[PDB]
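Chemist: requesting a structural model of the entry that follows:
(chains A and B)
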There are 2 protein chains.
Amino acid sequence: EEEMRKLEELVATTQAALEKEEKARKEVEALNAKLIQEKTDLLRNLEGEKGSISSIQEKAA
Amino acid sequence: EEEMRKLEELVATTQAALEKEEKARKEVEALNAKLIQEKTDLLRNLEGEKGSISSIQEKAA
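Modeler: Numbering: from 1, shown residues only, chains lettered A, B, ... in the order given. This is the structure:
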């Protein structure tokens, strides 16, 4: 009466784990890669504008 | 015993699955924990500057 219950718990632990791995393996680079590109285009906009604010200071003196 | 042999192999993959499941999530929560504040205060940094750049040029012209 006990041989049936270990087989249904056997297939349940594998299908529940299998949907959990590839859900996590997808989102780790999905969040990281779109965050590292959006700082790179803003930083060259930043230091080029920080060079532009001193230009109005040297031209006025 | 052969019936306990079929039980223990896929659980060994599942115990290897759960440790890799928690490994991916705890590194992706800590990187988002400080970086979303990084994009907010630079927005005040840029707009507080470019609002002045629109204001410094009209009296310099």
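
Chemist: can you tell me the closest non-neighbouring residue to residue A:13?
Modeler: Excluding its sequence neighbours, the residue lying closest to residue A:13 (Cβ to Cβ, 6 or more residues apart in numbering or on different chains) is residue B:14, at 5.0 Å. Backbone N, C-alpha and C define where each C-beta goes, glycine included.

Chemist: which ones are touching that neighbour?
Modeler: A:13, A:14, A:17 (Cβ atoms under 8 Å, 6 or more residues apart in numbering or on different chains).

Chemist: return the subset of these lying in helices.
Modeler: The members of the contacts of residue B:14 that map onto helices under DSSP state H are A:13, A:14, A:17.

Chemist: now do the spatially closest residue to the last one that is not a sequence neighbour: how many residues are near it, please.
Modeler: Which is residue A:17. Leaving aside its sequence neighbours, residue A:17 sits nearest to residue B:17 (Cβ to Cβ, 6+ apart; 4.4 Å). Using other Cβ atoms under 10 Å in any protein chain shown, residue B:17 has 19 neighbouring residues.

Chemist: residue B:17 reaches residue A:21, doesn't it?
Modeler: Yes: between residue B:17 and residue A:21 a contact is recorded at 5.7 Å, counting by Cβ atoms under 8 Å.

Chemist: returning to what we had before: nearest to residue B:9 among the ones in helices among the contacts of residue B:14?
Modeler: When the ones in helices among the contacts of residue B:14 are compared for distance to residue B:9 (Cβ to Cβ), residue A:14 wins out at 10.6 Å.

Chemist: so where do the helices sit in chain A?
Modeler: A:3-37, A:40-53, A:55-60.

Chemist: give me every residue that touches the residue positioned nearest the centre of chain A.
Modeler: Per Cα atoms, centre = their mean, the C-alpha nearest to the average position across chain A is that of residue A:31, at 1.6 Å. Under the criterion of Cβ under 8 Å, 6+ apart, the neighbours of residue A:31 are B:28, B:31, B:32.
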